[PDB]
């Protein structure tokens, strides 16, 4: 399986590439927001 490891060094205001495989970006778009305000999962929460 490819070595997934997208970028994710922002300030927690926009998930570039979610993939705990490398970066904690996974946190983003998961279920609950954990950023400045909570946009890392904005377009993720709502079904």
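Chain A residue numbers are taken from Swiss-Prot; in order, the displayed residues are 26-72.
Just so it is clear, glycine is given a Cβ too, placed from its N, Cα and C backbone atoms.
For reference, Swiss-Prot has these:
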type	residues	note
DOMAIN	28-71	domain 'LDL-receptor class A'
DISULFID	30-47	disulfide bond
DISULFID	37-60	disulfide bond
DISULFID	54-69	disulfide bond
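The DSSP secondary structure for residue 69 (disulfide bond) is helix.
The two recorded residues, residue 54 (disulfide bond) and residue 60 (disulfide bond), show a Cα separation of 11 Å. Residue 37 (disulfide bond) and residue 69 (disulfide bond) have their C-alpha atoms 15 Å apart, to the nearest angstrom. Neighbour counts were taken as the number of other C-beta atoms within 10 angstroms of each residue's C-beta; across the disulfide-bonded residues 30, 54, 60, 69, the minimum falls on 30.
Taking the Cα atom of each, residue 60 (disulfide bond) and residue 69 (disulfide bond) are about 14 angstrom apart.
For residue 37 (disulfide bond), the Cβ neighbour count at a 10 Å cut-off comes to 18, with all displayed protein chains included. On the backbone, the CA of residue 69 (disulfide bond) and the CA of residue 30 (disulfide bond) stand 20 Å apart. The Cβ of residue 47 (disulfide bond) lies under 8 Å from the Cβ of 29, 30, 31, 33, each of these being in the same chain and 6 or more residues away along the sequence.
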